[PDB]
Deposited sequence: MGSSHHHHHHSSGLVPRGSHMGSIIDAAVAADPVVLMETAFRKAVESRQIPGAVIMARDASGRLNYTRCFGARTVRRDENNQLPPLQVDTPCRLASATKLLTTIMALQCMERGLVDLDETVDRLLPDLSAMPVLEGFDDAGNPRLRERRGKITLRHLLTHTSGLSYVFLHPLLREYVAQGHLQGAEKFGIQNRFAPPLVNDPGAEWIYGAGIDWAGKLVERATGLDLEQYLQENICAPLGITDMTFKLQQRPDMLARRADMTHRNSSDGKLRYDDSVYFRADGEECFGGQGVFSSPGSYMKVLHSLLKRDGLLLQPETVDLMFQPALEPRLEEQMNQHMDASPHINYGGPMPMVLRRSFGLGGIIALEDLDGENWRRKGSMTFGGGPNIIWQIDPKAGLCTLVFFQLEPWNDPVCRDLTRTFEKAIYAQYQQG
């Protein structure tokens, strides 16, 4: 036409999400991207927050303000809370946790079992520090992940705080309860429960009114929450899952998994970190979070473990084989994911069990999130849709 007078990657990506909902591959999704400047403010919602039909045989929509189970996306929130304690001089990242976590310090290491089935417990060697807790290098694991803890529970010997360690601090990178113990350290250092601490130090500075460990105390959030959806392994179909986490909060605030919030409120956290606006942490402390924390020996072992474990895939949509490290808050990419087309070296990421993925990319000046409420973790459809979203957004952002 006439200037001034009266195949898109992003449009194609949005169509892909819409088709995934229409074909019942996913219940719905929320995708968000923000840049440091504020110029990029992209939010899109697709489909439903459940597969359970309401009284009118309708599926309630999944929205930017829908309360969701964050699962392991809670770990970044707890990391920030522990780092605020450090900034306020309540804890040193390299001092022993003995002073605030004598109960964790008293925990033995489970070595194995004797030929009669009796557990073989020994004393932990070396100090556990808050830096070990935040980097998953304390020797703490998870019952569902470790074969020794799996055997220890199956025999009837045992709550994220209860299991013995499986290694000494600094021996190896092991995904586990270290963030739950970092949350407990925050409570001990401040004299507040993690819920009150979260409200005063993460929520209030960002104007967040829907982020809590105590969902049962929020009937407004209960009325609007997503339900969990499960993909059946037998036929790949979507089913309603009555998640125990949506029924009761429990007494303990589990820093590694327990927060419920909306995608919109979670993006406020990511965006504050990307902008280094000082609302949650000093800019120097945010820079520290993105620094590779592992010595060469642990970096090599973590990479060998992850490259060999695509069935676990902590990295979610990141390439299966990549040079990574771990910072304070998530996995750091030590190389560009795909040259100038996608996440850059230095970007940090983590996920939540229901296929939630967050990433902050300081070099590119972008942060993105994808929320699903679909289990199990590492779902191929969610993975592919997340890669498609990120790649389309990076393309549009760089084009100008």
Lining up the deposited sequence with the coordinates, I want the ranges that have no C-alpha atoms. 1-9, 16-30, 183-191
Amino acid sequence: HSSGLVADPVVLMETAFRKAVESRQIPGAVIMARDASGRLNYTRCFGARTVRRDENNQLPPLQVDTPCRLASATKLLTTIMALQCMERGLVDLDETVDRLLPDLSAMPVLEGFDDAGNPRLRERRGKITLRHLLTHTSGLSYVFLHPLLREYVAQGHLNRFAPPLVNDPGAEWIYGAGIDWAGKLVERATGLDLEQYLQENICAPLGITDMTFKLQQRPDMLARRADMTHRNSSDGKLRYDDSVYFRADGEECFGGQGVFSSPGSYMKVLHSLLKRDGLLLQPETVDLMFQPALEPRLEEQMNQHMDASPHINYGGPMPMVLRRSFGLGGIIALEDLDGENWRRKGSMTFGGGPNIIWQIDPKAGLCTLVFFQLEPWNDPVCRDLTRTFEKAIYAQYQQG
From here on, numbers count along this sequence of modelled residues.
For the higher mean C-alpha B factor in the entry, choose 159-167 or 146-154. 146-154
Going by the B-factors listed in the PDB entry, is the mean over the C-alpha atoms higher for 264-272 or for 287-295? 287-295
In this PDB entry, which of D180, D210, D241, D94 has the top CA B-factor? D94
From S233, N313, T74, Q84, the top C-alpha temperature factor is at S233
Check where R225 lands among this chain's C-alpha B-factors and tell me if it's the lowest, middle or highest third. lowest
In terms of the CA temperature factor given in the entry, to which third of its chain does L194 belong: lowest, middle or highest? middle
Mind checking which third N41 falls in for C-alpha B-factor across the chain? middle
Relative to the other modelled residues in the chain, which third contains the C-alpha temperature factor of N303: lowest, middle or highest? middle
In terms of the CA temperature factor given in the entry, to which third of its chain does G351 belong: lowest, middle or highest? lowest
